[PDB]
Every structure is written in structure tokens, then in C-alpha cells.
Protein chains: 2
Amino acid sequence: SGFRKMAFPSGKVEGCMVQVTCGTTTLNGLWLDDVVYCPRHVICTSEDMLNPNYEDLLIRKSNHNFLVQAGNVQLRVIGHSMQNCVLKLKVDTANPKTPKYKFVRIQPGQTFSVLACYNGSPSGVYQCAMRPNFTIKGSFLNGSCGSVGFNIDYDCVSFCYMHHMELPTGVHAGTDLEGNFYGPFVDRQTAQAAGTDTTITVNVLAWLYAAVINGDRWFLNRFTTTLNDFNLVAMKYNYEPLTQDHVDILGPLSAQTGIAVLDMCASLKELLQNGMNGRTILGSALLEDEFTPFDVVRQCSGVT
Amino acid sequence: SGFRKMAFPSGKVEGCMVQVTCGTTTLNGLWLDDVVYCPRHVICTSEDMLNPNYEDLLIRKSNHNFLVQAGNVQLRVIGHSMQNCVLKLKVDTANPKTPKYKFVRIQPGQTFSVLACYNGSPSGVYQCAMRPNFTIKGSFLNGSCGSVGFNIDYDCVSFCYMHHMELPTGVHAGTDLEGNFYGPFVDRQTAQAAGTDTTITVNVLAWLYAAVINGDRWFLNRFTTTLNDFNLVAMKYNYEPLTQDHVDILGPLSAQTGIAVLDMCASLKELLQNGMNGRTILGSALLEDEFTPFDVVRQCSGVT
Ligand SMILES: O=C(NCCNc1ccccc1)c1cc(=O)[nH]c2ccccc12
Ligand SMILES: O=C(NCCNc1ccccc1)c1cc(=O)[nH]c2ccccc12
């Protein structure tokens, strides 16, 4: 029992982290097989970030300008290419620590672990959700660029995020491993609107099922609701509309606890309309939305 | 910017996890050098846990009864000994993945990362605080015993906790790596009182300094207090009394933000007496006490 914001074990990812330096800028790279992936903004100077012409800037760079170091080992760069907002540095050595991996583009509302790195060294791991507005509420300082997000299924690492920047609002933006930004963000030092965010409704319900499984039951009530009625409430409180697809994915947690999805929606409706009244749920005083139905089952069943 | 309940990268610890089986019971072991450490309750059956006579039970066991497997590799056990509540299985092979390590007994209020494991396989990592009452509010299921807590300073892993049991109250108890339980707990299936817990005051103040560094400033006020006045309030709200040692350790965060420790105590006093008024601090709706002053500086400075 107990419920924590648990991250995947970062071991398989630590073995891929490298440091990439170009000119005077240093950031993190991801070494998989004979390729090192890093944000293309490694080629910019402080002056360049106002409106960088990445194609022009990369043309001044040669393989020998990209310095790649894995711990105390220097990698020989035999090729470079830009794909969207990432650079792919071909190296002459396959990473001996390359785990089985995939590159995936996660959907908003999904979760993943971030291994925050500086100078190619891992400093910490934490679990995040990709916000509905395609930002992540990370924890990243100068030099954290190139740090990646991921999920692990048995022995396979699905890399889903690479960190590129922090917005003035203190939230984070980045790309999938093909260099495509999540959201409307551009790798330019300009004011960038992150859309209106919403609370991930299916994850809050999943977290309420985790609370029930763990014994925190006070929020359960004698009421039920309908998808239509519940979504009128969700709209008012800036929660994502609940769909039948969300109800279906909540099926296993519904079966585990014997609490029908719409009945759990009625507890959520009452918590939105009345607040927590100074009580807590799983040690939290607000409604948590960073656990998916899959994370809840995994944490409550023990998948390794 | 941003602030997360960040765990250490678990890589160095994943490389030490093994599975230990004795009879029909399986749990996790920690393989460091040529020794495997695991909870001594691995030798008990379901019937034995009422009041186990561990010395008598271990006498029926031979080296060949302890089955130790590291992934797909079987370790040969050449020796066994009980030290307090842990068993130490001497194996004929030094773990090639043994990092530089130490065994430390942490103090209450200190934090550490837990790598939750099942069948010798790591499932997740999360950051914990050792409660003032010597419990940990973990997330652990059947088979999680032998999972360890730790801190990492550059290349050195300081192992501080090994998981042994879950109390009826759903909180967790365990030992240091010499098998000494933290708190009054015994490895017996009996009702066990965990003392009155308290909020770790120095950690809440440290977390308030992290909030200020990150821009969450609304709780700052025009007031100051004294250690005596502040502790009258701390007593009323079951917070640990603040000492000059705590003030001293908060020195760096005081210097960073230019907010004197006693002035930050006055903000904490007002938050305890008036609540949060439906506002949040670092995404939390309650006062967080699982970040030490050291964790705050590390997360806000970027130590790898
Ligand atoms: O290193 C960072 N940025 C460099 C790329 N800077 C850029 C990239 C794209 C567009 C505009 C500017 C950085 C990352 C972060 O998440 N938090 C920070 C906190 C303080 C100082 C810097 C950081
Ligand atoms: O495996 C666990 N215990 C076995 C040792 N059981 C024992 C050990 C010492 C004293 C009395 C009994 C266990 C650990 C945990 O933290 N959460 C659980 C949740 C459900 C089922 C079991 C667990």
C-alpha cells in the first residue's frame, strides 16, 4: 500500500547520456547505437537565439566542431544532420549500453519519467505528465537541454521527450526524438503563448480509484451522474471532457474496486463543487492528474 | 525553474538488485562486492511470522537453501550469517557492477530515494523522507521487501534503508544496512505502535525558500518572529521545534533569497494559523516537508 509519484528506474537511460559541446555551448545528448541526438540549439550562441537561422548556422559547423564526451570517453563524429529541431551526430562507435528502445510521440495527458542531466551527467529523475497544452511542468536549470523523457515496458525504453527550453512562465517545452516540438513552440528566444491548460480528467479519476484501493475512501458518496451532466461540471472547472474511450480505459480500476465509473464521476463532481474541506487524498490537498489509469494499475499491481 | 520530488538516478542501485528465495518465500537482495544483503524474514513461512525464532529458523538453513539470482545468473552461496534483522549471504563472485558505496544510518527528517523492486527487478523510484517517528510513507506491495533507500554523492551510493514491512496503518518500516530497525519496530506480525509523527519544520522552511527562488512569493509577509514565539506555534500544529542548528543549515537559502530565517518563520506561522486560503505553493495545497535544505539547494543549483 501507499501511493507515490513514481518514476521508472533510470538505469537504461543513464547509460545513454553524453555531453555535447559546440563552440562555447554545452548540453546533453542521447547516445543510441552509433547516433547522438541533441537539441539543434547547441549550435547557437547567446546572440543567435533571438531568431536563429539554423540551416545557415549548421553550415558553418563541421563534424570536428561537435565535441561528444561519454563520461571520460571522447566520441569521434563522422556525420551530422538536422532533423526538425534535433541534431543527429553519427559517431564511429555504437553505444555498448544501448538498451532495446523505441522513439514514440506521446499524447497529451500521458505520463513519463525525466532524467534531468547537466554536462552529460544525470542529476535526478522525476515523473511528469505532458500537459493538455503540450508543456511539461518540469524542474530544469541552465544546461538541462538534451535531458529526455521516457517510459519503460520490461526491457524496452520508449523515448518520448527531449528538453529544449523553458518558457517565461517557468514551464517547459521540447520535442519528440524526431525533433518535432510538442505544441506550438519554436526553438527561438521569443514570447510564446502556451495555450489554456486543463486538468486531465481521466487521470484524476484514475487517482481517485488509487485512493480507494489504498483506503482513502471519505470522498465516496451515495450519488451517480451521467457523462453529459459530469461534463457540464468538467467544463465549468476547466477539466477535459470525459469520453466513452476514457470510461473504457478506466474499466480495470472500475472492476478492481466495484465502483462504477459514473459513480466515481459523481464523487469527482462533488469534490469539484465543494472542494476538499481541509481533508487530503493520498497525502494531497488538491486533485492529482499526473497518474494515468495505466500508472495506477502498475503501481497498485507491481509491474517490473 | 520548477520544483519536483526528484529522486537520485537509480542506475548504480539497479546493478546491485538480486532475487533471494528461501523455501517458498522470495524477496529482494542487495549484492555489493561478494555479499548479498536481504531481510532475515526471507527464512520464515506465513505461519512463522506470528513470533519467529530467527536463530532457530536459520539453524535449519544451509548455504544451498538460499537461492540467489541476478537477472538470469545464479550465484553460488558459500556462507550465511544474520546480523540484527538482515541476512548476509557470502557469494563466490564479487558483483562486477558494485558502485563506490557506504552504509549509513540516516537521521529522522532526512530524505532518500527508494528503488522499489519485485523478484530482484526494479519497478520504480521515488523520493521519501524518514518520518520523525521512523516510518517511511512508501509505496510497496507483496514482494517489495529487500528494496533499499539511498542517497548518491557524485559516484558514491550511501545505502541508508532496506524495506522489511508494512504496518497495519499502511506505513512502512525497515532497517539500516546493518539490520538495525529504524524506530521501535520488530520483524514480527504483531500490532506495533508507530509513535506520534510530526511535520519536519526545517524541511517545510527549506521548501518555502524553494518556492521563493521559483517565483511563488504570495505567502511572504511584513512580519517577523523569534525562535520562542515560532516554537509556541510549531507545538500547537505538531511541527518539530526549530533549533539554532536548523537556522544555521537554512543559512545558504537565507543568503540566496535575502529573506532572514526568522522572517520566513513568520510566513510559516501565518500559513499555519490561516491555512492556504485555496492557494498553492509549488503546485501543492499543503505544506511540504520532504525536501531538506540540502535537496532544495541541489535542485535549485543543479548538482550531478
Ligand atoms: O539551458 C537552458 N536554456 C538554453 C536554451 N535556450 C533557449 C532555447 C530555445 C529557445 C530560446 C532559448 C535552460 C533550460 C531550462 O529549462 N531552464 C533554464 C533555467 C535557467 C537558465 C537556463 C535554462
Ligand atoms: O511482502 C510484504 N511483506 C512480507 C513480510 N511480512 C512481514 C514482515 C515483518 C513483520 C511481519 C510481516 C509486504 C510489504 C509491504 O510493504 N507491503 C505489502 C502489501 C501487501 C502484501 C505484502 C506486503
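Lettering follows sequence order; numbering is per chain, from 1. Order of listing sets the numbers, starting from 1, for every ligand and every atom in it. Below, each value reflects all heavy atoms present in this structure, side chains not excepted, and no hydrogens, waters or symmetry copies.
Here B/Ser1 contributes atom OG and B/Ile213 contributes atom CD1; the two are 11.5 Å apart, rounded to the nearest 0.5 Å.
For the pair A/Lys5 and A/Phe291, the distance from NZ or CZ to the six-membered ring centre is under 6.0 Å and the angle to the ring normal is within 45 degrees.
Under 4.0 Å from any atom of ligand 1, one finds heavy atoms of residues A/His41, A/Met49, A/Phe140, A/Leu141, A/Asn142, A/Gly143, A/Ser144, A/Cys145, A/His163, A/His164, A/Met165, A/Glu166, A/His172, A/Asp187, A/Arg188, A/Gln189.
With contacts defined as side-chain heavy-atom distances shorter than 4.5 Å, the pair B/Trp207/B/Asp289 does not qualify.
Counting heavy-atom neighbours within 6.0 Å of A/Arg217 CZ, excluding the residue itself, gives a total of 12 or less. Counting non-hydrogen atoms of neighbouring residues, nucleotides and ligands closer than 6.0 angstrom, the OH atom of A/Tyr54 exceeds 12 such neighbours.
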Residues 16-24 of chain A side chain polar contacts: donor-acceptor under 3.5 Å, at least two apart:
unit_1  : atom_1 : unit_2   : atom_2 : d
A/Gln19 : NE2    : A/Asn119 : O      : 3.4
A/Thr21 : OG1    : A/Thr26  : OG1    : 2.7

